[PDB]
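Spelled out from the first residue to the last, the chains are:
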Amino acid sequence: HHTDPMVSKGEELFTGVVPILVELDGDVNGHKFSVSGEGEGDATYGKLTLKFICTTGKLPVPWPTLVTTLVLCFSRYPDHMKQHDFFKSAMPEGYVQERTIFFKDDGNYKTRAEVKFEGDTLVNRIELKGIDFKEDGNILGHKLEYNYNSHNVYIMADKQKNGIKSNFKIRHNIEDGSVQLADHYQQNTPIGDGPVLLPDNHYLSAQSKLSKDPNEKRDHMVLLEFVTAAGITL
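Chemist: With reference to specific residues and values, describe the overall build of the chain.
Modeler: Helices and strands together make up the secondary structure of the chain, namely 2 helices and 11 strands. If you list the helices and strands of the chain from N to C, you get α-β-β-β-α-β-β-β-β-β-β-β-β. Scaling as 2.2 N^0.38, a compact globule of 234 residues should have a C-alpha radius of gyration of about 17 Å, and the chain matches this with 17 Å. Judged by the C-alpha coordinates and their principal axes, the chain covers about 55 × 35 × 30 Å.

Now the structure itself:
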């Protein structure tokens, strides 16, 4: 497929439909919760289909606030940009994804995830810590709409850490027509010691649709996500 054997290796892991498992343990202002997710990814189309269930009862934060936390290795990199795909190049050993997410005029999430293969399954295992949230605020108050906007994720190399870093803003719609900004700081590091592809500056264009399973009585979120790399003409 690719003249670059490094690109060939990552592309081969992600050919066809890959099963996905997500496991999150979270604590936001002392509200402990867990989330389990299952579905599949087809990196050929940048396409994710996942269903998440809060396994501890009622989710104490709005589902939309967890979308970015809850597998950018499924991003579609155009052929001319496949030398810039850090995420697949770190597989199968995987990468660590860390974020601080600052909710404007509210609290912050700190997240640490390991994304790696377990046999044929792509696994995303996450710890989330949330602090300084307002009890009557948009997050602990559940004032966010169950929907999602399209966003750009700006990626830069972090040569010193053999990885990447990203800044980006998520705008969550509030039920009064306003927006709750969630400022994302991200860094990703390989788990293996082997080489990875360090990208030139580019962005991912992400589109997310949230729905409900009409047959599901547990607190849950159905996610359809598309992610495509862009911003290099080369």
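Chemist: Account for a negative patch on the surface, with residues named and values stated.
Modeler: On the surface, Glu23, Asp25, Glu38 and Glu127 cluster together into a patch of negative charge. Within the secondary structure, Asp25 is located in strand β1 (residues 18-28).

Chemist: Quick rundown of the sheet that holds strand β4 (residues 95-103)? Include the residues and the values.
Modeler: Taken together, 11 strands build a closed barrel; the order of strands is β1-β2-β3-β11-β10-β7-β8-β9-β4-β5-β6 and the barrel is mixed. This sheet shows a mean twist of 20° between the axes of neighbouring strands, independent of strand direction. Inspection of the sheet shows β4 paired to strand β9 (residues 179-190) by 9 bridges, in the antiparallel sense. When the bridges of β9 are listed, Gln97 appears paired with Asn188.

Chemist: Requested: an account of the packing of aromatic side chains, with residues and values cited.
Modeler: Using the criterion set out here, one finds 10 aromatic pairs in the structure. With centroids separated by 5.2 Å and ring planes inclined at 80°, the aromatic side chains of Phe14 and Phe74 adopt a geometry described as edge-to-face. The pair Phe14 / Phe74 is uniform in exposure class, with both members buried. A ring pair is formed by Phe103 and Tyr109, whose centres lie 4.8 Å apart and whose planes are at 70°; its orientation type is edge-to-face.

Chemist: For helix α1 (residues 5-13), give the residues involved together with the corresponding values.
Modeler: Among all positions of α1, only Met6, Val7, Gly10 and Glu11 are buried. Considered in projection along α1, the buried side chains sweep an arc of 130° and stay on one side of the axis. Seen from the buried face of α1, the exposed residues on the opposite side, beyond 90 degrees, are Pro5 and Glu12. Close packing links the buried residues of α1 with α2 (86-89).

Chemist: Break down the layout of surface pockets for me, citing the residues and quoting the values.
Modeler: Roughly 250 Å³ of volume is contained in the largest pocket. Per-element accounting of the lining of the largest pocket gives the leading share, 3 residues, to α1. Partitioned by chemical class, the residues of the lining of the largest pocket number 3 nonpolar, 6 polar and 5 charged.

Chemist: Can you break down the environment of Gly231 residue by residue, with the values?
Modeler: Here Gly231 lies in the segment after β11 (220-230). Put simply, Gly231 and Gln187 are 44 residues apart on the chain and 20 Å apart in space, counted from C-alpha to C-alpha. Setting aside residues no more than four positions away along its own chain, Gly231 makes contact with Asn201 and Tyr203.

Chemist: Describe the nonpolar core, naming the residues involved and giving the relevant values.
Modeler: Across soluble globular proteins, you tend to see nonpolar side chains buried next to one another. Within the largest apolar cluster, 58 residues are counted, with the highest numbers of intra-cluster contacts made by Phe33, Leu70, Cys73, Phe74, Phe87 and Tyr109. If you tally residues by element for this core, the top one is β1, at 5 residues. Residues in contact with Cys73, not counting those within four places in the same chain, are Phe14, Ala43, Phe87, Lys88, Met91, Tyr95, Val115 and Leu122.

Chemist: Could you give an account of the pattern of salt bridges, naming the residues involved and the relevant values?
Modeler: Enumeration according to the criterion identifies 10 salt bridges in this entry. In this structure, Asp27 engages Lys32 in a salt bridge whose closest nitrogen and oxygen atoms are separated by 2.9 Å. Taking the relative accessible area as the measure of exposure, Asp27 reaches 14% and is therefore buried. Note that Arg125 and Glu118 form a salt bridge whose closest N and O atoms lie 2.8 Å from each other. Looking at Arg125, the relative accessible area reads 37%, which means it is partly exposed.

Criteria and thresholds
- Residues numbered from 1 in each chain as written, not as in the entry; some residues may be left out.
- Heavy atoms only, no water.
- Residues with missing side-chain atoms left out of burial classes, pairs and counts.
- Helix = DSSP H or I, 4+ residues; strand = E, 2+ residues; numbered from the N terminus.
- Rg over C-alpha atoms; globule rule 2.2 N^0.38 Å.
- Patch = residues over 30% accessible without salt bridge, like charges linked within 9 Å, V, L, I, M, F, W, Y side chains within 5 Å.
- Areas by Shrake-Rupley, 256 points an atom, 1.4 Å probe, with all protein chains shown as cover.
- Salt bridge = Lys/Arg side-chain N within 4 Å of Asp/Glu carboxyl O.
- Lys, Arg positive; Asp, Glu negative; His and termini not counted.
- Charge placed at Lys NZ, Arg CZ, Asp CG, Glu CD.
- Pairing = 2+ DSSP bridges.
- Axes fitted to C-alpha atoms, helices over the stretch in contact; angles between N-to-C directions.
- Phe/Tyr/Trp six-rings, centres within 6.5 Å; stacked < 30°, edge-to-face > 60°.
- Buried < 20%, exposed > 50% of the residue type's maximum accessible area, 1.4 Å probe, protein only.
- Arc of directions from axis to C-beta.
- Contact = heavy atoms within 4.5 Å.
- 1 Å grid on protein atoms, 1.4 Å probe; cavity = no way out; pocket = protein on both sides within 12 Å on 5 of 7 lines; lining within 4 Å.
- Points joined across faces, edges and corners; volume = space filled by probe spheres on them.
- Nonpolar A, V, L, I, M, F, W, Y, C, P; charged D, E, K, R; others polar.
- Core = buried A, V, L, I, M, F, W, Y, C linked by side-chain atoms within 4.5 Å.

In short, shape yes, function no, at least from these values alone.
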